[PDB]
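An overview of the molecular structure
Below, each chain spelled out in residue letters.
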Amino acid sequence: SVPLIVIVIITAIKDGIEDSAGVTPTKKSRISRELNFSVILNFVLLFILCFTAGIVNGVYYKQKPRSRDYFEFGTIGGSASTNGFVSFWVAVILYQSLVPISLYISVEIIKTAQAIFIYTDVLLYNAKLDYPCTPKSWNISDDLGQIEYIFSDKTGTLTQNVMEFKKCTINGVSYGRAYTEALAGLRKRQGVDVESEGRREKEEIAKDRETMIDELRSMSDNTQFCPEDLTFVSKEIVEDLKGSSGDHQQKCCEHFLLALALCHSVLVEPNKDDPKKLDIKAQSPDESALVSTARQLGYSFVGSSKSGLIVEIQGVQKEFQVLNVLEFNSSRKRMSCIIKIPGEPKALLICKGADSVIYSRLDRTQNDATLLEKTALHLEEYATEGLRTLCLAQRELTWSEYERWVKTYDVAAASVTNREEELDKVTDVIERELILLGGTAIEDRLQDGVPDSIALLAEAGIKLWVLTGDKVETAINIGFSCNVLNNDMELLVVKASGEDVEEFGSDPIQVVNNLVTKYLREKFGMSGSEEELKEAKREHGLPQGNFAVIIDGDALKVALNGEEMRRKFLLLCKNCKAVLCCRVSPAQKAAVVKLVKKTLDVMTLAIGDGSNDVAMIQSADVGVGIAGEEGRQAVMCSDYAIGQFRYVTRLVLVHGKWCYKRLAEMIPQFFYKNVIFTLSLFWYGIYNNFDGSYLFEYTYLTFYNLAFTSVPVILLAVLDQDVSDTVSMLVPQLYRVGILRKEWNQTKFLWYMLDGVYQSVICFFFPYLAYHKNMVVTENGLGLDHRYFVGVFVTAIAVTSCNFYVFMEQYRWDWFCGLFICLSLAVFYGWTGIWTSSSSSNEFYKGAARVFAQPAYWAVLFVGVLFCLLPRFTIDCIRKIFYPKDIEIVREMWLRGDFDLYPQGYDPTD
Amino acid sequence: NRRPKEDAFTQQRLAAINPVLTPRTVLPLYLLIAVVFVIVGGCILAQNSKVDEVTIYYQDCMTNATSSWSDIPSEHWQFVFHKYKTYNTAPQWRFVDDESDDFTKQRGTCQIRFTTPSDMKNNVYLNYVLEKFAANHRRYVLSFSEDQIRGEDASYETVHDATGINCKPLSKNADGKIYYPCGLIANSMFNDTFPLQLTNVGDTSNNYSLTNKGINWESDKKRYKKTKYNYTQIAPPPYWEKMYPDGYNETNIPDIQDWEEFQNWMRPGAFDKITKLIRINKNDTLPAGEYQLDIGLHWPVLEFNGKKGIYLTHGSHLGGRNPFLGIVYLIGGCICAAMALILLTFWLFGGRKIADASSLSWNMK
Ligand SMILES: *[C@@H]1O[C@H](CO)[C@@H](O[C@@H]2O[C@H](CO)[C@@H](O[C@H]3O[C@H](CO)[C@@H](O)[C@H](O[C@@]4(O)[C@H](O)[C@@H](O)O[C@H](CO)[C@H]4O)[C@@H]3O)[C@H](O)[C@H]2NC(C)=O)[C@H](O)[C@H]1NC(C)=O
Ligand SMILES: *[C@@H]1O[C@H](CO)[C@@H](O[C@@H]2O[C@H](CO)[C@@H](O)[C@H](O)[C@H]2NC(C)=O)[C@H](O)[C@H]1NC(C)=O
Ligand SMILES: *[C@@H]1O[C@H](CO)[C@@H](O[C@@H]2O[C@H](CO)[C@@H](O)[C@H](O)[C@H]2NC(C)=O)[C@H](O)[C@H]1NC(C)=O
Ligand SMILES: Nc1ncnc2c1ncn2[C@@H]1O[C@H](COP(=O)(O)OP(=O)(O)O)[C@@H](O)[C@H]1O
Ligand SMILES: *[C@@H]1O[C@H](CO)[C@@H](O)[C@H](O)[C@H]1NC(C)=O
Ligand code: ALF
Ligand SMILES: [Mg+2]
Ligand SMILES: [Mg+2]
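- Per the deposited record, the coordinates in this entry were obtained by cryo-EM to a resolution of 4.05 Å.

- As recorded in the PDB entry, chain B goes by Alkylphosphocholine resistance protein LEM3 and comes from Saccharomyces cerevisiae.
- Here is the UniProt Subunit (literature references left out) comment for chain B, exactly as written: "Component of a flippase complex consisting of DNF1 or DNF2 and LEM3. Interacts with DNF1; the interaction is direct and required for their mutual export from the endoplasmic reticulum. Interacts with DNF2; the interaction is direct and required for their mutual export from the endoplasmic reticulum."
- UniProt lists a comment for chain B under the heading Sequence similarities, and it reads "Belongs to the CDC50/LEM3 family."

- One UniProt comment on chain A, placed under Subunit (literature references left out), says "Component of a flippase complex consisting of DNF1 and LEM3. Interacts with LEM3; the interaction is direct."
- As stated in UniProt under Sequence similarities, the record for chain A gives "Belongs to the cation transport ATPase (P-type) (TC 3.A.3) family. Type IV subfamily."

Structure, rendered in structure tokens:
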């Protein structure tokens, strides 16, 4: 009641001061349910113990009338009523010990302790961004060692939102030539020369920049001259501005440039030092890059004006305005701009987005069939060398069209009470006419230390999933630039589009069904509906069969409609490392995330950076946020946050595994350390017709499991270092222990239950047989000959045995654990020897002088500690000899001096 | 201002030592612990193999035979000495009756005669042993008062309707006067008298001196407090009517200052077997010879076949004759040595290099 609430408040205050309804935010983990099952097992063991006590406490009807009646003479009577009364209240007052008292709070005590130790990791501290790992939910952290699936949004996580201009498609002509790391990776994976050829390409690009700047200086003088800020290198388009490729080329190229400069949602602000200098910052990095490169090439957009744009061309100023704007929507995947220009007055509706959303709607009857093919090929190769596709489509509105647009706007503006649905439907139905005029090319840079980190995670035996919506070719190229997507694997692409429509063009459901049946029958063997799913859920995942699988938007959309489709998709997604999905909304991928979570449940990571990732984190086992784009708001609706992705390598692989092992080992230790205390009482109560003999002190109800020996178990739970961080990083194979769940099972529960029973047997029957013959061992005076003093013997044996046992299993003998072990024993001795010298020990009163001074005490604790530690230590040795696990093997080999040249806390980004 | 502090502790890099299980480290620790522990086990066994002991059961020395000197049945006397194996020397028992007591159920004096073949090392304890005495009944063991510690005399309500500990079963009588030694634990006291001296048939001019001063330490001396008995509300226990037919008067009050054995029975035995010290001799070296004791028979025990006897011993650094400690020491030494040799053989038989990278669970491919 009050004590629990006040201690919760005080520990929250301690958490707050050390950091600078209910508890669980949303849902618990599997460990909580397994703990509930284990506590139910403890409860039923207590209940059967009570039953086997109470049968004897009452079966004495046919037993001999011992001296239990020759002294009392108080025959109450009522065997059916009063004896049952005695039994029930004896049961309810003397069998309340096996139930865990502090475990229900100690679990989250340990969780918050290790979480705050996570929070204080200076190696998990960002330098540039300066955002360490800040936990939000202190409850769920044990799952971080059993992770076997990662869900990643490559918009901000895999690559930073630092845009770079490479090429641009104008009227089917590609302008822009350079050499990025992606091009070098493609060339080196194509088998062609890359060192001499790479240097030749670099010097050619340098010559192109030299001639571009020379021509720019010679022909005119621009307002954006700069020795280091210049990033424009394309020589083809700098000369193709006036008349290089004809007058029509000029008309189309400036028309495209004006259309693009009329299509953006970018905020432009002047620099504080120099107002003319551009400090363009906004929410859309791609549009910011587009306007920056427009400024560099000559279309300088300087100033902060929302009711119109002010742009200068080599000094010639011009002002305009965009009439209507429709920003990017999570479902639209595009931005719409409606402009109107007076004279021949004309309106222009321009839709900016990816290929899938733009090619979906257009004038089928009226198609150029020339610009369409050119743009399609342009974007195909752009995705091939990894250029993010940004295409724009134009729609002209004449005077009659403008008038009917105005009429439709003024007649559809009277809609209220969620008009958005009506507006979306009417715009979709009447917006069937579109014409494409081209697009641009932008590329993204990766994070720091991506390939090595993802490779060592892959070598750790864990599988990751990566998501996007743009397209597949850019996605696979980004994967190839890093080393997550190696060679020697073919693509299990299930696209319901492309060249496959030429020969087998039909509705997508049956074609994707045929191809997935092909994959499920003759590519991998899992043809079925029930047996294979159960086999997969029983096997609990394993990285094998290193291939790659690709899905398209339509197949994923229709996959949610079929039970057989979802089970077959779950079966086929058992690839080793590579899983890719595109053309899907965040709702659809959230649905597939919860699908893969429900069946064959496995802890899933939800790393993401954006706005579409919130659906990932809200429906996930555990999520980690990234402080990148405007979607950084996702971190509040998340579990953990970190400045950059490269840090999570240390989090899940190193610290999460330690969490999992420490918890899964210490919980069984806590269950072990409690059963003996009640079981000794059970054996002492066998006599007196099970009247309920209370062997221990009235004060031992609490201090045994609350003050004396509760320290080292939680100490090992929180302050354990299973292995050095460096060697774990170099050799992450030990993480398979979380993959195969080789430390959490009911067999361990029963094994430690039997171990506790046997330990209690030794602990009870050593001092008892030390007194069987004459119990006159005093060496002076009378002796002890009382239940409380033999209780002192047995509790001392039990506590020293448990403390040495958890000390034994403790993997890091340091200057910290042994000190508090010695302190726990010292305070036990001191309390037992001091509190006995008080009136509160009215009966006992003499522990120190009548027990400790006796050499029998030491003579019996010696045999107690040997018969406790030696059998299980020999079992440990024989298990480490005939079944040597990898952890002790790597421990001893690195201790021997093999891995000492490397320092501690080394990083690959140095 | 906001940068986290860098330290070994905040990163959990405190200095540590990680021992591993290798024969170069496993063997020496086993050999040293085994040799020292077997050595001390042999030492304690040698110490235990020296002390003597005699015990005689006399719970049924009132109808086993007549009032003559008859031999005690072998199921009652057990003798252990460090220089004799077949030292039978069957003790004799005799009974003498007295009609001065109305309680004819159990009365009279039981005299016993035993002998010792060797002298003693100036350290003699005499205890009374009880067998099958149920002192672990909750109502029995949770029936005593707290005021008797200080000699205070509270009201009947404070001792009858008190908390879980009180003199509930025998709180009140027909008179209503409370009991100073209330509670069944005190009311069920052993009721026998022991001689303060031991007769010596060899040389009667110097008998063997005994005392009942010093059974327990000064705890009771540090427990004694001034008392204020009202000498009018105190009534004898219902089982003490024969002891006090007239009840307590202003002279027969049970004092605690000197003869604490009246209350040394406060705490019961650990378990069914019951044994408490009744006679101590530190000054007089007991020589060999024949000796005789006399014991009253006031306490009834045959109503449920309970057993009662005497036990004379010497003690040691580890008490009296009980080879159980030596047994456990030898068992532990043998088990530890056997494990050490088993693993030594497995190292010889399974001779292989300790750190094998190919043995990892991921080196199959
Ligand atoms: C030695 O210490 C023992 C330990 O308590 C004493 O034994 C107890 O002796 C009393 C006295 O007789 C005895 O109390 C009851 O004994 C009879 C059956 O147990 C019972 O019939 C008897 O009742 C009367 O005799 C009384 O006059 C009175 O109660 O009225 C009834 C009816 O008229 C009458 O029969 C008496 O109440 C205890 O039972 C007995 N203890 C045990 C465990 O059996 C002993 O007295 C002590 N002796 C000395 C010299 O101190
Ligand atoms: C040693 O104890 C015996 C046992 O009582 C004493 O013997 C008694 O002696 C007195 C007088 O000497 C006689 O009146 C008794 O009849 C004797 N009793 C028995 C049972 O024989 C003996 O006196 C004691 N010796 C000493 C020195 O005190
Ligand atoms: C052993 O000797 C000691 C000391 O000579 C005895 O202790 C004395 O005992 C008497 C009677 O019991 C007391 O009046 C004295 O006050 C005690 N002296 C001290 C200093 O305490 C003891 O009784 C002897 N015991 C035996 C068995 O002979
Ligand atoms: N501000 C924007 N303006 C125009 N198009 C955008 C904008 N933001 C995103 N897009 C389009 O959406 C695609 C980005 O895909 P992705 O980031 O994976 O999904 P989402 O953007 O819906 O989270 C790009 O191909 C791009 O054409
Ligand atoms: C008190 O009673 C005891 C026995 O109970 C007796 O020996 C003594 O003489 C009595 N004394 C008085 C003054 O009544
Ligand atoms: F820049 Al975005 F979703 F529009 F990451
Ligand atoms: Mg975002
Ligand atoms: Mg949001």
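Moving on, there is more to tell.
**With respect to the interface of chain A and chain B**
- Contact residues are listed per partner, giving 86 residues for chain A and 79 residues for chain B.
- Counting each side, the surface lost to burial between chain A and chain B is near 7600 Å², with a carbon and sulfur contribution of 60%.
- Among the residues chain A hides against chain B, the three largest losses belong to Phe71(A), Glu72(A) and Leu782(A). Together they make up 9% of the total.
- Linking chain A to chain B there are 27 residue pairs in polar contact.

**Re helix α9 (residues 285-297) of chain A**
Residue and element names in this part refer to chain A.
- End to end, α9 covers 18 Å across 13 residues, agreeing with the expected 18 Å (1.5 Å per residue, within 8%).
- The buried count for α9 comes to 10 of 13 residues, which makes it a mostly enclosed element.
- Buried within α9 we find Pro285, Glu287, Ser288, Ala289, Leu290, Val291, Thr293, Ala294, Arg295 and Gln296.
- The secondary structure elements touched by the buried residues of α9 are β2 (159-170), α8 (247-261), β4 (299-301), β8 (334-341), β10 (388-397) and β11 (435-446).

**A word on the pattern of salt bridges**
All names here are of chain A.
- Inspection of every chain in the model, using the stated rule, returns 36 salt bridges over all chains.
- When the shortest N-O distance is used, the salt bridge between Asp142 and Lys111 registers 3.5 Å. On the criterion of sequence distance, the pair formed by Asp142 in the loop between α4 (103-119) and β1 (149-153) and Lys111 in helix α4 is long-range, its members being 31 residues apart. Across the pair, exposure class does not vary: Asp142 and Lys111 are buried alike.
- Of the charged contacts in the structure, one is a salt bridge between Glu195 and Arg199, with a shortest N-O distance of 2.9 Å. Of this pair, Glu195 and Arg199 both sit in helix α6 (residues 195-219), separated by four residues, roughly a single helical turn.
- Each of the salt bridges in this network shares a partner with another, and the network as a whole consists of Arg177, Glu197, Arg200, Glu201, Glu204 and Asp208.

**So, the site of ligand 4**
Residues and elements named next belong to chain A.
- In the vicinity of ligand 4 there are 13 residues, among which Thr155, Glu287, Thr468, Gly469 and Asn612 approach most closely.
- Contacts to ligand 4 include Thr155, whose side-chain N or O atom sits 3.1 Å from an oxygen atom.
- At the level of elements, α9 and β10 are the ones that each hand at least two residues to the shell around ligand 4.
- Partitioning the shell around ligand 4 into residue classes produces two nonpolar, seven polar and four charged.
- Lining the shell around ligand 4 are residues from two domains, each supplying at least three of them: domain 2 (142-157 + 448-651) and domain 3 (159-442).

**What about the UniProt feature "transmembrane region" in chain B?**
- Mapped onto the present numbering, the UniProt feature "transmembrane region" falls on residues 26-46 and 324-344 of chain B.
- Note that residues 26-46 of chain B is 100% helix and 0% strand, and that its end C-alpha atoms are spaced 30 Å apart.

**With respect to the side chain of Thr313(B)**
Residues and elements named next belong to chain B.
- Structurally, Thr313 can be placed in strand β12 (residues 307-313).
- A polar atom in the side chain of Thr313 sits 3.4 Å from the backbone oxygen of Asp52.
- When near neighbours in sequence (up to four residues on either side) are disregarded, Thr313 contacts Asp52, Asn123, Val124, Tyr125, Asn127 and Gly320.

**Overview of the sheet that holds strand β15 (residues 578-581) of chain A**
All names here are of chain A.
- If you walk across this open sheet you meet the six strands as β13-β14-β15-β12-β1-β16, and the pairing is parallel. Because the sheet does not close on itself, it has two edges, and the strands there are β13 (491-493) and β16 (604-605).
- Of the strand pairs in this sheet, strand β12 (residues 463-467) and β15 are connected by two bridges, and their pairing is parallel. Looking across to β15, one finds that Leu467 is bridged to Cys581.

**Overview of the packing of aromatic side chains**
- A full pass over the atoms with the stated rule returns 63 aromatic pairs over all chains.
- Ring plane angle 40° and centroid distance 5.8 Å describe the contact between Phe524(A) and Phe547(A), whose orientation is recorded as tilted. A residue pair is termed long-range when its members are at least 10 positions apart, and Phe524(A) in the loop between α17 (508-523) and α18 (531-539) and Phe547(A) in the loop between α18 and β14 (548-551) qualify at 23 residues.
- On the basis of relative accessible area, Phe524(A) is assigned to the partly exposed category, the value being 21%.
- The residue whose ring lies beneath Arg113(B) is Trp69(B), and the NZ or CZ to ring-centre distance is 3.7 Å.

**Digging into the state of the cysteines**
- Under the defined criterion, the tally for this structure stands at two disulfides over all chains.
- Note on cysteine connectivity: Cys61(B) is disulfide-linked to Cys110(B), with sulfurs 2.0 Å apart. In this pair, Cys61(B) sits in the loop between β2 (53-57) and β3 (70-71) while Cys110(B) sits in strand β6 (residues 109-116), placing the two residues 49 residues apart along the sequence.
- Take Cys61(B): its relative accessible area is 5%, and that puts it in the buried class.
- Judged by relative accessible area, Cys110(B) falls into the buried class, the value being 1%.
- Disulfide connectivity for chain B, with bonded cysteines indexed by sequence position, reads 1-2, 3-4.
- Between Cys351(A), a free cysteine, and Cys263(A), which holds the nearest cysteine sulfur, the sulfur-to-sulfur gap is 8.7 Å.
- Counting only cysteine sulfurs, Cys133(A) is the nearest neighbor of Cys659(A), a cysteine outside any disulfide, at a range of 12 Å.
- Judged by its relative accessible area of 2%, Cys659(A) is buried.

Definitions and cut-offs
Residues numbered from 1 in each chain as written, not as in the entry; some residues may be left out. Chains lettered and ligands numbered in written order. Heavy atoms only, no water. UniProt positions renumbered as here; feature names shortened; annotations may be inferred. Contact = heavy atoms within 4.5 Å. Buried area = accessible area lost by both parts, 1.4 Å probe. Polar contact = N/O pair within 3.5 Å; in protein donor to acceptor, adjacent residues only side chain to side chain. Helix = DSSP H or I, 4+ residues; strand = E, 2+ residues; numbered from the N terminus. Expected span 1.5 Å × (residues − 1). Buried < 20%, exposed > 50% of the residue type's maximum accessible area, 1.4 Å probe, protein only. Salt bridge = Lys/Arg side-chain N within 4 Å of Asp/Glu carboxyl O. Near = heavy atom within 4 Å. Nonpolar A, V, L, I, M, F, W, Y, C, P; charged D, E, K, R; others polar. Domains from an automatic or database assignment. Pairing = 2+ DSSP bridges. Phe/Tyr/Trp six-rings, centres within 6.5 Å; stacked < 30°, edge-to-face > 60°. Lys NZ or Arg CZ within 6 Å of the ring centre and 35° of its normal. Disulfide = S-S within 2.5 Å.

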